[PDB]
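Visitor: Before the rest arrives, take these chains from my complex:
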Amino acid sequence: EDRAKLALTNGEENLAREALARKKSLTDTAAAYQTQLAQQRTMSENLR
Amino acid sequence: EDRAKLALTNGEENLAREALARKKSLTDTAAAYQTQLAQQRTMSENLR
């Protein structure tokens, strides 16, 4: 998103929306990992 | 159904109704499996 702000500062809308795609991809991955974390904590208390 | 909403967003009614056909096909399969589940639970309590 910061790299996108560089394009906002001046220049490439193409870079800016490209950088949104990185931001989105990461965001989506973090939701998947947040889901994975719930499975870990539930399994942890199960073991406990 | 989400893939159908992409066509709603703009573009292909053909894709949209095609995606309804997937949704329908799945729905129908889930009713068959719901029926199968009743046979499992009944047989389970029979064994029990």
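Guide: That came in fine, so what should we check first? Residues are numbered from 1 along each chain as shown, chains lettered A, B, ... in the order given.
Visitor: List the buried residues for stretch A:10-30?
Guide: By 16 or more other C-beta atoms under 10 Å in any protein chain shown, the buried positions in stretch A:10-30 come out as A:16, A:19. Backbone N, C-alpha and C define where each C-beta goes, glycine included.
Visitor: what separates it from the chain centre, distance-wise?
Guide: 10 Å (C-alpha atoms, centre = their mean, to the nearest Å).
Visitor: can you list contacts of it?
Guide: Contact partners of stretch A:10-30, identified using C-beta atoms under 8 Å, 6 or more residues apart in numbering or on different chains, comprise A:1, A:3-4, A:6-8.
Visitor: which among the residues you listed end up buried?
Guide: A:4, A:7.
Visitor: Select from the contacts of stretch A:10-30 every entry located in helices.
Guide: Those of the contacts of stretch A:10-30 mapping onto helices are A:3-4, A:6-8, per DSSP state H.
Visitor: Quick one: the residues you listed as TSV, columns for distance to residue B:28 too.
Guide: Converted to TSV, these look like this (distance: C-beta to C-beta, whole Å):
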residue	distance to residue B:28
A:3	47
A:4	45
A:6	51
A:7	48
A:8	49
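Visitor: let's bring in chain C now:
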Amino acid sequence: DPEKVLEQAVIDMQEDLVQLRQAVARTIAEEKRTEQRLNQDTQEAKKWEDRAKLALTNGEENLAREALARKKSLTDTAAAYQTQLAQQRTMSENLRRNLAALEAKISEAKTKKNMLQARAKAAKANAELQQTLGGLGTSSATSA
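Guide: Placing chain C onto the earlier chains gives this:
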């Protein structure tokens, strides 16, 4: 015996989809081949018309009309190949539709047989519970 047959039918379907993929690829070659011809052919008509323009520039009316005959011959061939192209595209969409349908048919035929087999096997397993319970202990142990 059931499992043998049901799997065999599915096996056959895996051949079939590859065979029709070949036929599609073959058709792609027919379109490619005719494009290659028609594209050049239509230029050849121009080339000989250009050769005719050389006679227009000065000289031989005989060459000029001779060059028209080349142009005509090519033009006629290009109409024949344009006709051939219609047969290719029609046959292509025929294969495409046949395949798309066949793939759905195969897919569901396999899946239905599998889930049927699964539910049939599960059903006989439940029946085998009732049979083995019918294998009651109300037996010759009493006689002993």
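Visitor: and whichever residue of chain A sits closest to chain C, helix, strand or coil?
Guide: Residue nearest to chain C within chain A: residue A:39 (27.8 Å; C-beta to the nearest C-beta). Secondary structure for residue A:39, judged by DSSP: H, G, I helix; E, B strand; the rest coil, is helix.
Visitor: ok, now which ones touch it?
Guide: Going by C-beta under 8 Å, 6+ apart, residue A:39 touches no other residue.
Visitor: how close does it get to residue C:10?
Guide: Using C-beta to C-beta, to the nearest Å, residue A:39 is found at 35 Å from residue C:10.
Visitor: Find the closest residue to chain B in chain A.
Guide: Residue nearest to chain B within chain A (C-beta to the nearest C-beta): residue A:28, separated by 14.4 Å.
Visitor: what angle separates the helix or strand harbouring residue A:15 from helix A:2-9?
Guide: Residue A:15 belongs to helix A:13-47 when assigned by DSSP states H and E. Here the directions of helix A:13-47 and helix A:2-9 differ by 160 degrees (axes from the mean of the first three to the mean of the last three C-alpha atoms, to 10 degrees).
Visitor: Drop chain D onto that structure:
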Amino acid sequence: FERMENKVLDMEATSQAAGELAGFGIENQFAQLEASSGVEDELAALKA
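Guide: Alright, chain D goes in next:
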């Protein structure tokens, strides 16, 4: 030169086979890329 050009034309025939293969029904996969491109353009509208 013709013999080896007959093989050039066979590669062109392989290109008819590549085009004859080329349609897949998966083209709809582009759509959210385009929508998200619009999203990064809305981030440009946010920038100004």
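Visitor: Once more for the buried residues of stretch A:10-30, now including chain D?
Guide: Going by 16+ other C-beta under 10 Å, stretch A:10-30 has these buried residues: A:13, A:16-20, A:23.
Visitor: Kindly report which residue of chain D is located farthest from the centre.
Guide: Note on chain D: the largest C-alpha distance from the chain mean falls to residue D:48, namely 33.1 Å (C-alpha atoms, centre = their mean).
Visitor: any idea how far residue D:42 is from it?
Guide: 12 Å.
Visitor: again with residue D:33
Guide: For residue D:33, the distance to residue D:42 (C-beta to C-beta) stands at 15 Å.
Visitor: where exactly do the helices run in chain D?
Guide: Under the criterion DSSP H, helices of chain D are mapped to D:2-22, D:30-47.
Visitor: Would you mind saying which of those lies nearest chain B?
Guide: In terms of C-beta to the nearest C-beta, the element of those nearest to chain B is helix D:30-47, at 4.7 Å.
Visitor: same for the closest one, what does it pack against?
Guide: Applying 3 or more C-beta pairs under 8 Å, 6 or more residues apart in numbering or on different chains; DSSP states H and E, one finds that helix D:30-47 makes contact with helix A:2-9, helix A:13-47, helix B:2-9.
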